[PDB]
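The chain below stands alone, shown as structure tokens; this is the form deposited in one PDB entry.
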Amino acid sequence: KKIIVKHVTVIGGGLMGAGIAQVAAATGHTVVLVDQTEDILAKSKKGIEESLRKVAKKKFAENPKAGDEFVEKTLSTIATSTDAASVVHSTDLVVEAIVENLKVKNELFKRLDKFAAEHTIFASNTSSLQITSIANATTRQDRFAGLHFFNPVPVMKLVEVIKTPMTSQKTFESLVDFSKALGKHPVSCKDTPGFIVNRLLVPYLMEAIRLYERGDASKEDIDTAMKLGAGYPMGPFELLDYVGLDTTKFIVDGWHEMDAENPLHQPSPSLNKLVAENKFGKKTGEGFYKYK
């Protein structure tokens, strides 16, 4: 009785949303990508194209026509719209990857709730909010789940599927199936702050910052230590810059707000200062380290 997700609406053409769209389309799903303006959408779809093209040139060297066909077919199955309500009437799944603001998300989902078909599942890619809070902005909590991806979406194979206590098993299973259909590996977590990955990763990153701040070791030695001592692909400072200092701070800020006594979520002066100076990591050319 569970739905097979075929037609997917992705809301938000940022890095995450565009990545989700790309992979869904690359795996035979029909995709409608939604954002605020045509200029934003054009840029998102262009980014998807370049990302697909890069892959194709490498993978289809011995068969360039197949490569071109793959890219073109994939892009073709990504439609765009600046009006979410107009596209969800018979979509199977909405995945929201927009600004991390409860009010904005709820306003979105409350509206979509009215226009989406009954069978439509709603999922949020949010890293900052409890799915439950967003789900209750609708009357379809049984069809509301967390579907949490990782940057870069076309590379990262994990998806966290998050049930609230109200999510149906049917909805959960549809999302597990959808995740596998994307070529990904779904794991399950309760609707708890940080789910699995961020819950275990982000506080560690904060601890690396705190160790540096105490004067105990250099950022460089800490990065080296984790790479050579723990086999991590990136040192925590490299990784902080890679995932975004603003992105990190915001998540920890949120955790700190809800649990101000918790040592793990104590703000970092160093992190705060970099974000205040708009040094956000790799994406601004400077975070803890300088890039160029």
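Position 1 is the first residue in the sequence shown; the rest follow in order.
The same protein also exists as the form deposited with a small molecule bound; that form is not shown, yet it is the one meant from here on.
The shortest heavy atom separation between residue 40 and the small molecule in the entry with it bound is within 4.5 Å. In the entry with it bound, none of the heavy atoms of residue 279 sits within 4.5 Å of a heavy atom of the small molecule. The closest heavy atom approach of residue 11 to the small molecule in the entry with it bound falls within 4.5 Å. The small molecule is not shown here, and in the entry with it bound it never comes within 4.5 Å of any heavy atom of residue 137. With the partner removed from view, the residue among 174, 127, 141, 80 that has a non-hydrogen atom within 4.5 Å of the small molecule in the entry with it bound turns out to be 127. Interface residue among 243, 252, 26, 32, judged by heavy atoms within 4.5 Å of the small molecule in the entry with it bound: 243. Across the options 68 to 76, 213 to 221, 99 to 107, 181 to 189, residues that bring heavy atoms within 4.5 Å of the small molecule in the entry with it bound belong to 99 to 107. Of the two rigid parts that account for the rearrangement between this form and the one not shown, a single one contains residue 179 as well as residue 150.
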